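The listed protein sequences correspond, in order, to chains H, D, C, G, A, E, B and F.
So the first sequence is numbered by PDB author numbering: it starts at 31 and just counts up by one.
So the second sequence is numbered by PDB author numbering: it starts at 31 and just counts up by one.
So the third sequence is numbered by PDB author numbering: it starts at 10 and just counts up by one.
So the fourth sequence is numbered by PDB author numbering: it starts at 10 and just counts up by one.
So the fifth sequence is numbered by PDB author numbering: it starts at 37 and just counts up by one.
So the sixth sequence is numbered by PDB author numbering: it starts at 38 and just counts up by one.
So the seventh sequence is numbered by PDB author numbering: it starts at 21 and just counts up by one.
So the eighth sequence is numbered by PDB author numbering: it starts at 18 and just counts up by one.
Idealized CB from N, CA, C, for every residue including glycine.
A short worksheet on the structure shown next.
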Amino acid sequence: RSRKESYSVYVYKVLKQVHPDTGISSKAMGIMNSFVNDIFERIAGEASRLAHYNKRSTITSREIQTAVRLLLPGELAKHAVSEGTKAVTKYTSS
Amino acid sequence: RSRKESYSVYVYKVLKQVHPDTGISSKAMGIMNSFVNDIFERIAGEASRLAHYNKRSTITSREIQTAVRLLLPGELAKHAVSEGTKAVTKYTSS
Amino acid sequence: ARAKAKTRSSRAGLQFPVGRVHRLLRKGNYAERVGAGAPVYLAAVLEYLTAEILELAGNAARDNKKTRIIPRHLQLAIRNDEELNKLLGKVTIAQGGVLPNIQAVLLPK
Amino acid sequence: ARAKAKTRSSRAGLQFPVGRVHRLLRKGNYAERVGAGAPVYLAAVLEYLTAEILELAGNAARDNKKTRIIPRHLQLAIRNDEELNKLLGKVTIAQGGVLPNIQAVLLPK
Amino acid sequence: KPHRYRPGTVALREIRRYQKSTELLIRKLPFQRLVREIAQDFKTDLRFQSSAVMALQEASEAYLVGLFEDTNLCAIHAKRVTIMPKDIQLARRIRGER
Amino acid sequence: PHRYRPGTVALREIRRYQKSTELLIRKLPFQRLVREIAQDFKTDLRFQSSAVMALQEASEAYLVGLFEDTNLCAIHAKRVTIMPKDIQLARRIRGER
Amino acid sequence: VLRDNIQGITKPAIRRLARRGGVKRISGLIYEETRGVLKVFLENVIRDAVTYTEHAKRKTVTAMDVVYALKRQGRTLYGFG
Amino acid sequence: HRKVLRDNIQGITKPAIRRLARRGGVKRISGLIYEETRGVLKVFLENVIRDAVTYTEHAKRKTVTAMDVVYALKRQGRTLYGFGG
DNA sequence: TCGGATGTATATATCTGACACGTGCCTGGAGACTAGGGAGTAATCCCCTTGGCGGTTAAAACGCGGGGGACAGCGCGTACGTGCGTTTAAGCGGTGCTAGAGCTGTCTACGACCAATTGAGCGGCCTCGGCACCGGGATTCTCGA
DNA sequence: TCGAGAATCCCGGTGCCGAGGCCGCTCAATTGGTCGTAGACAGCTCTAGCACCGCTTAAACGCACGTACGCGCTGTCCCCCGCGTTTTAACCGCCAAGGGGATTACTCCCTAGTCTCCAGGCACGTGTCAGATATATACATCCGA
């Protein structure tokens with residue numbers, strides 16, 4: 031019997047960090063699974079087109095950063111860019 | 031000096047078959063170039079998504095035919111399907 | 010001895026190029042591999058749609074006594090059809106203009 | 010002797026999985042090759058957006074005296090923001106309802 | 037003498053009740069029959085998963101409720117409180133559906 | 038004096054501009070406006086000549102389409118003049134606001 | 021076979037849908053017009069879903085088929101896969 | 018001569034707005050339309066130009082090309098034919 | 001209904017620049033061959049879809065009375081269209097300069113690929129508390145005197 | 001501005017099923033080497049974007065007049081809302097059968113990858129005719145008497 035995969039484990043970990051005493055129903059967990067998959071494809075698709083316009087053959091963290099600026103509005107983009115930059119610096123230092 | 035490519039030669043051949051005595055300006059030829067490139071990407075993108083839903087790794091003439099049925103409206107789709115089927119049969123016979 | 014070369018378009022009876030369409034499909038990151046009949050099918054459909062537009066546009070050009078086709082003629086052909094107008098409903102054509110149309114309540118009595 | 014294994018997520022200080030995101034990028038036909046920093050950057054952005062929604066939804070659930078989060082709470086969080094409402098402007102949420110809103114001219118004098 | 041509310045008082049009370057709940061407002065069995073009737077013209081002897089019919093109903097109600105929101109705005113623009121068939125036509129025209 | 042009646046010259050102008058295809062905004066003033074807006078995102082920018090032309094073609098096509106929808110709203114309210122409230126209603130239904 | 025099923029969408033059900041949209045007074049010709057609009061919407065979605073089903077060589081419409089068809093028309097739906 | 022610009026929206030004059038409305042087929046125009054139209058055009062131009070400059074910077078260039086403008090318009094569902102692509 | 005005034009379609013003559021067609025050449029497509037794994041086909045298992053029956057009650061359908069909202073008509077005043085006389089800056093042609101786009105040649109570091117190894121995440125149970133439901137009373141909002 | 005009536009909120013007690021945690025275990029991520037090419041950088045050439053000046057005139061601007069359109073007010077009548085009564089079919093629970101989705105083995109044909117070779121398609125150069133422009137009508141349309 032084939033077994034599938036989801037983001038349920040990781041979503042639950044994040045919830046326990048911002049609200050240590052609240053739970054979530056199974057219907058609401060299904061909605062969050064759809065949300066993560068939808069945003070993933072929007073960003074990956076835009077970064078793929080960026081590499082084609084500039085005649086490159088690699089997707090780097092620079093293409094991801096430009097795609098986030100095109101898709102997210104206003105103050106959401108500013109906060110997301112600083113989160114991504116900080117994670118890459120920490121990963122490289124170790 | 032790099033040299034570019036377009037569909038101008040092939041568009042001109044088709045025009046001489048339906049109207050043997052009419053010409054075309056350079057501005058109008060640029061518009062037809064945009065039209066061919068736009069339709070090509072619509073069909074190829076939909077056929078790419080079809081192969082992913084069904085866990086295949088090849089794009090065949092079956093995926094192209096299903097994509098044409100999804101994109102073209104009404105009587106345009108019926109005429110385009112018969113043109114594509116006829117060309118494949120002739121190419122295989124030789 | 011190698012036999013004489015022969016284009017893939019000629020054996021399919023088409024005018025649009027089958028070899029160039031095959032290369033574009035391979036280098037566009039659409040799938041891992043491309044079948045042999047896919048380029049032939051795609052080239053035939055592109056050629057069919059080009060013939061439809063050029064036929065209607067030529068009728069419009071001759072309608073107002075012209076030899077060549079200009080962007081205004083292409084716009085008149087597209088917006089006066091019903092199916093072509095639906096396929097290209099989100100497209101702007103440069104130097105195309107609009108269809109003449111006045112609401113009935115605005116006309117003088 | 011091989012050193013002890015260590016996840017790529019732990020080296021970046023994240024909760025979303027970096028290895029799984031890397032595999033999904035490789036097998037999605039997006040480009041020919043993927044750089045080493047792209048999965049780390051993408052996982053951090055996905056985790057940030059999840060934290061934003063869950064924080065607002067938890068506030069809504071506690072507002073009407075509930076312990077768990079249901080689809081109605083997620084809809085109230087999204088439509089009452091200004092930026093989240095603009096990012097998800099073409100999305101329907103099943104069993105979500107609508108915002109209470111009555112036009113002023115319909116109210117009795 | 038019997039009690040009667042004035043016209044428009046029960047209508048406002050119903051707006052508040054239905055804008056607070058989330059359940060579906062069309063009966064399940066009649067909706068299922070309509071879906072099966074329409075699919076006959078594209079293919080014969082089809083089967084539907086149970087969750088497939090539910091997904092269709094959720095999308096159809098969400099579509100119609102949004103259309104009624106825009107129709108109401110057009111009627112008010114013409115100094116009325118009653119929605120009319122011409123209000124629906126104007127909304128669908130501007131939205132590009134026609 | 039040979040004054041025409043109100044609304045007679047207006048209908049004449051509708052017929053003339055719905056038959057031609059040229060641009061209706063002056064070119065030099067439009068170029069200055071584009072350069073003023075761009076300096077807020079980045080300083081010391083240069084523009085290709087065809088880039089400014091593409092921007093002007095899109096801007097006119099957008100505005101002409103908006104005026105078509107605005108006219109329908111005014112008629113729906115039994116009027117022939119267009120007012121700012123007509124523009125606001127059209128943009129709200131189209132989803133731009 | 022089935023026939024005359026659009027009348028199962030009754031007048032009380034249409035009134036409930038308009039109430040959730042915030043409508044106060046409804047004229048009598050609205051009900052016949054609403055049925056025509058719903059029928060057009062369902063035909064477009066169902067035709068696409070059956071096209072996905074046939075390409076997979078199946079005899080059953082799945083929930084995934086419906087989700088793909090809605091997304092193709094700019095009508096994304098969360099909560100079904 | 019990097020002299021700044023200011024107050025250029027007034028260059029879209031009243032006669033030019035009138036010509037645009039005639040092509041749309043309108044017959045009578047009230048006096049407050051002109052200020053409203055200028056605000057709408059400014060919002061439209063800001064959204065397109067912001068995206069075009071983002072494409073220019075990612076390529077590490079100092080010149081906005083016609084290709085940059087075409088990509089930005091297509092991303093907002095306003096495809097344009099006749100300027101390459 | 002008709003004549004005057006104005007705008008517009010039509011025919012003729014003249015120029016000019018863009019289109020259509022050769023010409024040389026080079027790089028991308030075609031011909032021939034080999035190797036490996038993606039997909040087509042058969043067989044089997046079990047789940048989940050369809051069809052039927054009987055009872056309960058909630059919703060749908062019908063009829064009636066009357067209040068108020070839609071619509072037609074009238075009067076008034078001001079704002080927008082038309083036209084003329086004056087002022088401003090757009091368009092055009094032509095010089096001149098340098099900023100930066102685009103192409104070419106080296107060289108290195110980074111991403112793909114492969115082989116062991118092990119722990120993270122999935123499927124399958126249990127169990128108890130958050131939420132659903134019922135009944136009873138308090139409080140508030142609507143309507144007429 | 002007040003009482004009567006009907007709707008809605010609030011609270012206490014009961015019970016159940018789904019969220020949350022725990023145990024095997026297997027497959028996907030991690031570690032450690034190897035290698036070939038994509039991309040970064042320096043240098044150089046020449047296109048094209050920017051700045052300036054004088055001038056001709058078409059477009060913009062400002063002002064005066066008057067008419068027709070937008071808006072407020074009145075009256076009437078018929079359509080749509082609120083409510084009580086009877087009828088219908090939705091929903092629930094429970095059986096029972098089998099159509100078809102899903103998984104596993106096996107085998108072969110179709111597609112990728114190399115190498116040679118030559119013809120299709122691109123950049124450039126050149127001459128003429130389709131279309132643009134000016135002028136002089138011929139006719140259709142609008143407006144007041």
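Can you tell which of the options has the C-alpha that lies nearest to the C-alpha of residue i?
i: H/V39; options: H/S56, H/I69, H/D51, H/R31; result: H/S56
i: E/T58; options: C/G106, C/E61, C/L58, C/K74; result: C/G106
i: A/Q85; options: B/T73, B/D68, B/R67; result: B/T73
i: H/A110; options: H/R99, H/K120, H/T52; result: H/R99
i: H/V41; options: G/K13, G/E61, G/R42; result: G/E61
i: A/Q93; options: A/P121, A/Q68, A/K122; result: A/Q68
i: A/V89; options: A/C110, A/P66, A/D77, A/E105; result: A/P66
i: C/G37; options: G/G67, G/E41, G/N89; result: G/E41
Residues of chain D with CB under 8 Å from residue i, in chain order?
i: F/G99; result: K57, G60, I61, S64
If you draw a straight line from the alpha carbon of residue i to that of residue j, how long is it in whole angstroms?
i: C/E56; j: E/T45; result: 48 Å
i: B/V81; j: H/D68; result: 23 Å
i: F/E63; j: E/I74; result: 7 Å
i: D/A74; j: F/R19; result: 47 Å
i: A/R131; j: H/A117; result: 43 Å
i: D/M59; j: G/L97; result: 39 Å
i: C/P26; j: H/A107; result: 44 Å
i: C/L65; j: E/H113; result: 35 Å
i: A/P43; j: H/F70; result: 52 Å
i: B/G42; j: G/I111; result: 6 Å
i: C/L51; j: E/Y54; result: 41 Å
i: B/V87; j: H/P50; result: 34 Å
i: G/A10; j: H/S87; result: 37 Å
i: C/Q104; j: A/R129; result: 26 Å
i: E/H39; j: B/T54; result: 54 Å
i: G/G28; j: E/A111; result: 58 Å
Does the CB of residue i have a neighbour CB from chain A at under 8 Å?
i: B/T82; result: yes
Which chain F residues are close to residue i, counting only those with a beta carbon under 8 Å from its beta carbon?
i: E/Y54; result: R36, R39, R40
Please tell me whether residue i has its Cβ less than 8 Å away from any Cβ of chain D.
i: C/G46; result: yes
i: C/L83; result: yes
Starting from residue i and walking both ways along the alpha helix (DSSP H), at which residues does that stretch end?
i: C/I102; result: Counting along the chain, C/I102 falls outside any alpha helix (DSSP H), though it belongs to the beta strand (DSSP E) covering 100-102.
i: residue 175 of chain E; result: Chain E is shown from 38 up to 134; residue 175 of chain E falls before or after that span and cannot be answered.
i: D/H109; result: 104-123
i: H/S64; result: 56-83
i: E/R52; result: 45-54
i: G/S18; result: 17-21
i: F/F61; result: 50-75
i: C/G28; result: 27-35
i: C/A86; result: 80-89
i: B/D85; result: 83-92
i: E/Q125; result: 121-130
Going by DSSP, what residue range makes up the beta strand (DSSP E) through residue i?
i: F/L97; result: 96-98
Could you list which residues in chain B have their beta carbon closer than 9 Å to that of residue i, in chain order?
i: H/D68; result: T96, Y98
List the residues of chain B whose Cβ lies closer than 8 Å to the Cβ of residue i, in chain order.
i: A/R129; result: Simply none; closest approach about 13 Å.
Name, please, each residue of chain E whose Cβ falls closer than 7 Å to the Cβ of residue i.
i: F/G28; result: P66, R69, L70
Is there a Cβ of chain H sitting closer than 8 Å to that of residue i, yes or no?
i: F/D68; result: yes
Can you name the residues of chain A whose CB is closer than 8 Å to the CB of residue i?
i: G/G106; result: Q55, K56, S57, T58
Mind pulling the chain C residues with CB within less than 8 Å of residue i?
i: residue 126 of chain D; result: In the structure displayed, chain D extends from 31 to 124; residue 126 of chain D sits before or after that span and is not available.
Check whether the Cβ of residue i lies closer than 8 Å to any Cβ atom in chain E.
i: A/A98; result: no
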